[PDB]
Amino acid sequence: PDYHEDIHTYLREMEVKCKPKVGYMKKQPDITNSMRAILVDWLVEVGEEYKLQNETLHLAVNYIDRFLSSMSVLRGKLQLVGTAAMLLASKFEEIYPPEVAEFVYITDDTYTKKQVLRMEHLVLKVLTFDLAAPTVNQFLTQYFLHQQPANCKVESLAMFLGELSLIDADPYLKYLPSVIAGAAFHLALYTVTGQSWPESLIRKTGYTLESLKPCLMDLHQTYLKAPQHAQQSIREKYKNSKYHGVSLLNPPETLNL
Amino acid sequence: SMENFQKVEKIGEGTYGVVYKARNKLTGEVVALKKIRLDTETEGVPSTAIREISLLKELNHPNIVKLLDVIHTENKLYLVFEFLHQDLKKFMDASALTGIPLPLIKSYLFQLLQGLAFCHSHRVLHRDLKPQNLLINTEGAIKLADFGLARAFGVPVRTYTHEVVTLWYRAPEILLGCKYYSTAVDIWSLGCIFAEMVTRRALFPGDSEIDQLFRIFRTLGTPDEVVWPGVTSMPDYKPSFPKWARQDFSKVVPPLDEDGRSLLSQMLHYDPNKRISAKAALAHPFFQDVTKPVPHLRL
Ligand SMILES: CNc1nc(C)c(-c2nc(Nc3cccc(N4CCCNCC4)c3)ncc2C#N)s1
């Protein structure tokens, strides 16, 4: 309330300093967008299994993309990177993070406890201990305050859409968290209520519908194709009454942009 | 590299790990080293260490202790901090006879508020403000230290860890088990510390959670729905709570003048929504004639 503006401004600054390299996947010789999509989808499952915060999921993905932005990784080690990232995110963000043994367990014994802990240290070194990164989630919760009135379906649907963007490096590596959150919030608002990106967020963020259009165009397509996407953990997750079953809602055929 | 540091003496123990005074042999700089042992840690790097480091690297402010470096040696994690000569607690004990000059109290509070305002503006809650975690140097500075309990918060806040803040400085909303707490909890702590700099004894030295609450109630009066809407619906509120009258603030900290009492009362508002923010407090009339004098005692 007294620092909401200060904090938004700060996150806008940090999100730029914490952006992964948009074109890193091309430079990764032995891993692809598809492999990454499989990893993230699995982390979504891990999140649900252990009832972790969505923020934790978003952080882990940021750690992974930053890590892959500067380190080459063979396909057989990708999951190790993802496991250590989720452990670090949990430790940073969770009141009760799962114990290391549990992170070793979910890899189906693909790696040892020793491997998981060594990788954790490597991730910390590579990220230079800078773990407090802005996420799509953090911007969304701020945007939610601009509803009149507040709508659970809108909020849950926005989180659902924001989470969908985590799965596909192409094209979502090219958009900042605050921008993806913008598209997500508008798309959810429009889908549920028919309303649009409110003028109060234009004042707060500087973004207009035109500004958000490119990301919006992409997100809308991802939304329409979600039932046919190879990864489904997010849709399944958002079938739950906890998120008001928003993944069962029909996306709008057109956005009238 | 640890090779360039010559150790001087053990200082104490932090919220986690052990602290030494050391000297950079090449630059001459005097530092404090926080050693965190990773062996004996079957859980990897401790979450407290992960938070302290990541949050502190972002917080460059004259009233926040500076993290200079992080050194990973064999099975050990060394945090290199700027060295400060003493903590507020020991300084208050040393002042048992003369008391602390008002200009210094004013200056210290003003500096603590600046430091805290910076934390909150950067979405960090400290969650363990107490005299022992506030460090002073010979030039009149005071700085927030020990971010082992801190965490980055969101807007609006989520439910965070309940077991936070040393009891004596713990806010009523935590004591009453509110699902959500925020920046106000750090302000409560500073208010308690403000009162303590004036009297040199703790405002609410409770022995338990309920004792702590009752001590607060007996001083500020038992809160009702008028002074604090929603209070009777809080998870740990009980209708059996004794209902104490609120007493004049002139009696809570008798040496304090009008301006000081005004500021204190706003820092100790029951309703976290009404409790003054560090930012807004910087402009309180109490600080109209603030300066930055050196400590009146040799540290
Ligand atoms: C309370 N935890 C702390 N961690 C660190 C790294 C501290 C620190 N300490 C100093 N110097 C200093 C001088 C005199 C007393 C003390 N205390 C330790 C024993 C009792 N606890 C209060 C302080 C410390 N300089 C810089 C830092 C830092 N960062 S204090």
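Scope of the values below: all heavy atoms of this structure, side chains included, with no hydrogens, waters or symmetry mates. In listed order, ligands and their atoms are each counted from 1. Protein chains get the first letters and strands the later ones, always in sequence-line order, with residue 1 at the start of each.
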- One finds that the ligand 1 atoms under 4.0 Å from a non-hydrogen atom of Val65(B) are 28 (C), 29 (N)
- In a check of ring-ring contact (aromatic ring centres under 6.0 Å, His included) between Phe194(B) and each of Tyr108(B), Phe287(B), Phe286(B), which one passes? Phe286(B)
- Among side-chain atoms of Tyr105(A) and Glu99(A), is any donor-acceptor pair under 3.5 angstrom? no
- Message: Surrounding CH2 of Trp168(B) (heavy atoms of other residues, nucleotides or ligands, distance under 6.0 Å), is the total greater than 12?
- Response: no
- Geometric cation-pi criterion, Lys7(B) with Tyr20(B): 6.0 Å, 45°: yes
- Message: Tell me whether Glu82(B) reaches ligand 1 (any heavy atom closer than 4.0 angstrom to a ligand atom).
- Response: yes
- Query: Who's the nearest protein heavy-atom neighbour of atom 18 (C) of ligand 1, and how far?
  - Reply: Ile11(B) CG2, 3.4 Å
- Under 3.5 Å: N/O of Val19(B) near N/O of ligand 1: no
- Message: Among all the protein's non-hydrogen atoms, which is closest to atom 11 (N) of ligand 1, and how far away is it?
- Response: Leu84(B) O, 2.8 Å
- Hey, could you give me the OG/CG distance between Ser107(B) and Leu112(B), rounded to the nearest 0.5 Å? 9.0 Å
- Just going by heavy-atom distances, which of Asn133(B), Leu135(B), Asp146(B) is nearest to atom 7 (C) of ligand 1? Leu135(B)
- Task: Could you tell me whether some N/O pair between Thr15(B) and ligand 1 is separated by less than 3.5 angstrom?
- Result: no
- State whether a side-chain donor-acceptor pair under 3.5 Å links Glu94(A) with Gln53(A). no
- Of the choices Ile136(B), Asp87(B), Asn137(B), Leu67(B), which has the non-hydrogen atom that lies closest to atom 22 (C) of ligand 1? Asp87(B)
- Item | Atom indices of ligand 1, in the order listed, that fall short of 4.0 Å to a heavy atom of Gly14(B) | 2 (N)
- If you scan protein heavy atoms around atom 15 (C) of ligand 1, the nearest is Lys90(B) NZ, 2.9 Å
- Go through ligand 1 atom by atom and flag the ones less than 4.0 Å from a non-hydrogen atom of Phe81(B). 6 (C), 28 (C), 29 (N)
- Query: Got more than 12 heavy atoms from elsewhere within 6.0 Å of CZ, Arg37(B)?
  - Reply: no
- Note on the structure: Per-atom filter on ligand 1: closer than 4.0 angstrom to a heavy atom of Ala32(B) are 25 (N), 26 (C), 27 (C)
- Task: Return the orientation label for the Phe217(B) and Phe214(B) ring planes: parallel under 30°, perpendicular over 60°, tilted otherwise.
- Result: tilted
